[PDB]
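Read in order, the letters of the sequence shown correspond to residues 1856 to 1970 in the authors' numbering.
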Amino acid sequence: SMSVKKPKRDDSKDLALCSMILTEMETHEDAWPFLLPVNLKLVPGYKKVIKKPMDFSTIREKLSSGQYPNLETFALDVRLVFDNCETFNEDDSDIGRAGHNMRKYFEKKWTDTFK
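Below, the structure is given as structure tokens:
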């Protein structure tokens, strides 16, 4: 509260560390469904069904241009990528599986880097 602060957690390496994690996600073999925005002209259903599209390139641009106020808003956009994937894709499809694997991969790196 006013004039009563928890001790300052060092957040000065967060930007660089989220970049590293994002690089690791971009270079994973199962990143391919997630590298670019879903083409809304060519994929029936996507536009109406997925209210907040997100992909790695868009996260990369947001990160690079100071559009994440902190590491939580960054993790929200990463998760949003996998939540959209689960909304639109059956678990037993190549994309469905890629989403589950990428999420697992993200979540481990997040814990090991920050928790």
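From the three backbone atoms N, C-alpha and C, an ideal C-beta is built for every residue, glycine too.
Return the residue from the list the options that minimises the CA-CA distance to residue i.
i, options, result
"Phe-1969", "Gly-1921, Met-1875, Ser-1912", "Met-1875"
"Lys-1906", "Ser-1920, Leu-1935, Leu-1931", "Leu-1935"
"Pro-1892", "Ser-1912, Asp-1946, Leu-1877, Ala-1886", "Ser-1912"
"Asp-1949", "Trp-1965, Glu-1916, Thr-1878, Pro-1888", "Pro-1888"
Give the range of the alpha helix (DSSP H) segment to which residue i is assigned.
i, result
"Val-1898", "Taken as a continuous stretch (DSSP letters only), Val-1898 belongs to no alpha helix (DSSP H), as it is neither H nor E."
"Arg-1915", "1911-1919"
"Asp-1869", "1869-1882"
Work out the CA separation of residue j and residue i for me, nearest whole Å.
i, j, result
"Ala-1930", "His-1883", "17 Å"
"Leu-1890", "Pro-1924", "23 Å"
"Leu-1872", "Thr-1928", "14 Å"
"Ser-1867", "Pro-1899", "43 Å"
"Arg-1952", "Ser-1920", "31 Å"
"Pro-1908", "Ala-1886", "16 Å"
"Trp-1965", "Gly-1954", "16 Å"
"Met-1880", "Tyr-1960", "8 Å"
Run through DSSP, which three-state label would residue i get?
i, result
"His-1955", "helix"
"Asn-1939", "helix"
"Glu-1927", "helix"
"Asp-1947", "coil"
"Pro-1892", "coil"
"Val-1933", "helix"
"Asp-1866", "coil"
Assign residue i to buried or exposed, taking buried as 16 or more other Cβ atoms, counted over all protein chains shown, within 10 Å of its Cβ.
i, result
"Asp-1967", "exposed"
"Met-1857", "exposed"
"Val-1933", "buried"
"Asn-1939", "buried"
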